[PDB]
Amino acid sequence: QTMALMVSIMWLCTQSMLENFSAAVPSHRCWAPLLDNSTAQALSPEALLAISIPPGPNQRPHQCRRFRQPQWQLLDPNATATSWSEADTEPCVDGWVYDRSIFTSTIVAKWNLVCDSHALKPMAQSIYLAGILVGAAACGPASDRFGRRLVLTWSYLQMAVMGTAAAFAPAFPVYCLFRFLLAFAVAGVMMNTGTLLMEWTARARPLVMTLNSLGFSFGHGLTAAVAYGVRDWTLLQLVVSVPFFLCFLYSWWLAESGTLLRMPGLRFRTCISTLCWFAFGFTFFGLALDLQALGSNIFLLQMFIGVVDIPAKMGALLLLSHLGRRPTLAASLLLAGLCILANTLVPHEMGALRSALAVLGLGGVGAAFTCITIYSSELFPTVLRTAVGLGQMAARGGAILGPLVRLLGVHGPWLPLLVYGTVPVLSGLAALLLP
Ligand SMILES: CCc1oc2ccccc2c1C(=O)c1cc(Br)c(O)c(Br)c1
C-alpha cells in the first residue's frame, strides 16, 4: 500500500531531521564558583557573570573563557573597559553548564560538545552520512540476493534497535556507532522504497515520486511538532523509533496471513547529472542540519519550511509537464542559490527575512531534487538507466561533504552559507546546457 510507504518515508525523514534538534547547541559557559556554588558567592547575577567571564563573540560573555579571580575593574564604570589581560583567564576547564529553557538535554550538553570539540557535531553528521553511503552501497547485492522484503524487515529491525540503543548511549563513540548502524539501515530501507516505488505502479512514475517527496515533506512537518513536544533527546529518539517497532509487525506480510559504461558513454550528461545530485545533497544536508543559525525559532522555521515546500513540490510536476525538464530545474536551482546568497547578504537583525529566505532556499533545493529525479529517467536510455545509482551515490557524497564545510565558520559565519548559495548557482548554470 502507498499509505504504508508514505508513513515509512515520513518516519525516515523524522529520523533524519532528529539530528537537527538532538545536536542543537544552546548558550553555554563553564562552571564558575561565583555563579553555581552555594549562597556564599554573594545579588545581581548579571554583574557576577560579567566579572566572572570575559566578553566574547557577538559582544556576549565568552563561552570558552572564565576568570580565575573576580575582575572588579570591569564592573565599575569609572575604569576603562576591556582592561583585563589574557593571562587572567583559564581554558574553560571546570566543565560546562547549559540553559535548560529551550532544550532539557541534548547530545551537546551531555558529552560537552564545546569549542575544543566543536568539530564533533559536524563529524557526527559526517559519520552518519558515511554510514548512509555504506548502507546504500551494501544493500544492493543484499536486496538482490535475499529479496527486497527480507532486507526491508532487517533494516526496520536494525533501525528500531539502533534507535533504542542511541536513546541510552553512555559514550560519544558508542553513540556515533549507533548512528552509523541506524544510517546503514536508513539507507537500506530508502533504497528498498525507491526500487519498490519505481516499478510498483509504472506513466504514474512522476506521480509516485512526487507523492514520495510530499511524504518526506510531511515527515519534516511531523518531526517539527515532535521535537517541539518533547524536550529530551532520549525520549525524542525513543518515540521516533517506536513507530518502526510498530511497523515491524508487517514482517513477512503478517507471516503469509557492472554497468561501468556510464563514464565513457554520454560523459557530459552523466557528469552534469552527478554534479546536480552532488549539489542538491551538499546544500540540503548542510542547510537542513543547522536551522538554529538560519532562523530565530527552529520549530517555526521547520514548520514554515514544510508548509512552503508542500505547494512548491506540488506545482513542480505541473512545471515539469508544461515548461520542460531542464528549464524549470535550472530556474529552481538559480532561485535557491540566489535565496541562500541573499540570506548572507541580509543582515542578521532581519530574522523574519532570513527565515523566509532559508525556507525559499529549502523549497528550491527540494524542487531541484524532484526535477533531477525526473530527469534521471530520461537523460539516459534504457541500456544505461546504473546512472540513477551513480547520481544517488554522488548525492550522498555531497551530503557527506556537507557538514565538513561547516568547519569554515571559524574564518567567518557566512562562508558555509556562502558556499551553500554559490554551489546551486553554478549547478544551474551547468544544467542549462542539457539537451
Ligand atoms: C528519497 C530521498 C529523499 O527525498 C527527500 C525529500 C525531501 C527531503 C529529503 C529527502 C530525501 C533524503 O532524505 C535523501 C536521502 C538520501 Br540516501 C540522499 O542521498 C539524499 Br541527497 C537525500
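Numbers run from 1 along the shown chain.
Header lists the method as electron microscopy, 3.2 Å.
For all residues, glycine too, the Cβ spot is worked out from N, Cα and C.
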Feature N-linked glycosylation site, as given in Swiss-Prot - residue among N20, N78: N78
Which of 235-255, 271-291, 327-347, 355-375, 414-434 contacts the transmembrane segment (150-170) most, counting Cβ pairs under 8 Å: 235-255
Residues of the parent chain within Cβ reach of the transmembrane segment (171-191), under 8 Å, 6 or more residues beyond its termini: 8-9, 12, 15-16, 19, 107, 111, 120, 124, 127-136, 138-140, 142-143, 151-152, 154-156, 158-159, 162-163, 165, 396
Least buried by Cβ count (within 10 Å) of the glycosylation sites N37, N78: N78
Inter-residue C-alpha distance, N37 (N-linked glycosylation site) and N78 (N-linked glycosylation site) (nearest angstrom): 29
Per Cβ pairs under 8 Å, the stretch of 235-255, 271-291, 327-347, 355-375 packing most closely against the transmembrane segment (207-227): 355-375
Å between Cα atoms of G258 and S257 (gap: 55 unmodelled residues): 38
